[PDB]
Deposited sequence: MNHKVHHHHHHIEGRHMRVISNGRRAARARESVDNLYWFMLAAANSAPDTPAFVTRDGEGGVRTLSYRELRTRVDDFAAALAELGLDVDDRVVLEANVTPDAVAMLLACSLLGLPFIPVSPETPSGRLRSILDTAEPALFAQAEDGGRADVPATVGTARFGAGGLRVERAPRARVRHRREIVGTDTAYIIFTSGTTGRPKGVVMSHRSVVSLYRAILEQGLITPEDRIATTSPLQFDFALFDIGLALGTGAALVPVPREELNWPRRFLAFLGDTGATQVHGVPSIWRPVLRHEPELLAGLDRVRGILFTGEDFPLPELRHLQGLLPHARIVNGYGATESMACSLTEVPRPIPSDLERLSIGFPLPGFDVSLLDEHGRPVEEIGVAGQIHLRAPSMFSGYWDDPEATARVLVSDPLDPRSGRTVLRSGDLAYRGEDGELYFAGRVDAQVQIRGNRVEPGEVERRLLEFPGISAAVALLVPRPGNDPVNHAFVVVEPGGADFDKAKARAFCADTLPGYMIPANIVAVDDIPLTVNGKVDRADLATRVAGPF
């Protein structure tokens, strides 16, 4: 009686589990005793959860909150939801109870599912509740009864909604199109093991899952508890034989500061990928110098398209380089830089706002058509067609070869805090530095800065801190540094 996605129709289930056929006994997951779960064993768990979910009578586009971090079970669940056309709303179990309630209030989901040993208690009787474990999907409270109206699942049905409360609605067509564009850029082979560090609620986690599983590679989820301590993190990457390490730039900060020599011992690491924010070039040069056999890729994009461009950093990074390139749009993606009148910028080195044409475009903001119409706008170079572009909120300029350079959020003398942080990171004893004019440093600095920086770039205040504070998703917490 449940609709199931057909194999020919774009859908995360068929896309991520194709390797269960061509390579059933190859590893889909490596976890830590180092264990592997094969593609066949993963499809078996997905099919079991999907048989259980199908009993609940949910209609296509009924929303399932998945509270978990990246685990074989949580990935088995989101793929079960995918086959049944039930958009998942991934929520980290670290999300505060209040923030979760606010998501439940707006998203009005039919079902909330967490791990057997999950800790969430606060869930209204309108929302069904279930727990999943290699034991199976276990319904605690059934979702409330309904009449199914959707006969067939399509490409534009929602795969997932990302909540930060702003909800980015992504279709199977959009996310599969992104995975296919990256498969074309041979970032990954089937023999790779991708260490993934992002919270499940961050699309960087969904990007890592699909890149691994869509390629026939193994995923190595790094638990936050392993990530937070430098020797522990390095022993986890060594033990699991990780070949690729994905994370926001901050994942390296403790290892660079405390354990650079053990970091150099990661001889199986072939590739590093970051996204989310600028990697401070002094830390990035330090990292590159320790792992000279690891390709480093600058990943640019936003939740609204999942991603835009993948750009290998120069080897070595020029000492004098001020900004890494964010390169060229993925195959099938296109950028217009438009000025403050909405006109194309053709001039080398002049910033405009990125307007992205992407096959991975979000459907809209959940229950916010006004916000949707401000962001997903009529193509300003062809406004009579009804074609839309993403008005990204990001500034960029091109260089002489047409490559892009990120130039900050349009809404956040032009100060480049990156140049302030660079000069400070070049001062004896400073391991980290964030500017917002206040500079915060992890450990005279003022005169060292003034020896090369213009007057408007010299910090008014330089504040010693034990660490750079991070958001749940691992980005610099500038709100937090503001408070103190």
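Absent C-alpha positions map to the deposited sequence ranges 1 to 24, 57 to 60, 193 to 198, 447 to 452, 477 to 486, 494 to 503, 545 to 549, in order along the chain.
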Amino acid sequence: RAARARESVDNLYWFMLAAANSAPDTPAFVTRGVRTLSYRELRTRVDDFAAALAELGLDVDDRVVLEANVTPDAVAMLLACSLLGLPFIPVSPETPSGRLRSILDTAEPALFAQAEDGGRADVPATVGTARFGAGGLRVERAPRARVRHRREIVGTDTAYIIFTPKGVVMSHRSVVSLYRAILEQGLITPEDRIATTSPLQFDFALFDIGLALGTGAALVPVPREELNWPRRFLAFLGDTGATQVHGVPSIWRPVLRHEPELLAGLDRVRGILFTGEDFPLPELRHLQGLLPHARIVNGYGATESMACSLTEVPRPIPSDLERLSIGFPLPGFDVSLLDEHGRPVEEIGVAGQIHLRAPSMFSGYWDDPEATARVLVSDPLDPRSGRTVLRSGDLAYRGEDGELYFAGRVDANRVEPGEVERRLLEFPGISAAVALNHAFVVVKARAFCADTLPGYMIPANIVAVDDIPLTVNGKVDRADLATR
From here on, numbers count along this sequence of modelled residues.
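Look at the C-alpha B-factors of 229 to 237 and of 182 to 190. On average they run higher in 182 to 190. Across the two stretches, 245 to 253 and 115 to 123, the PDB entry reports the greater mean Cα temperature factor for 115 to 123. Reading the B-factor column for the CA atoms of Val442, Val64, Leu42, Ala50 in the entry, the top value corresponds to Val442. Among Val60, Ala68, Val415, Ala28, the highest C-alpha B-factor recorded in the PDB entry belongs to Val415. Among the modelled residues of its chain, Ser305 has a C-alpha B-factor that falls in the lowest third, as given in the PDB entry. The deposited CA B-factor of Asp401 belongs to the lowest third of values across its chain. Annotation for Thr129: CA B-factor lies in the highest third of the chain's modelled residues.
Per-chain ranking of the deposited C-alpha B factor places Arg99 in the highest third. The PDB entry assigns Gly327 a C-alpha temperature factor belonging to the lowest third of its chain's modelled residues.
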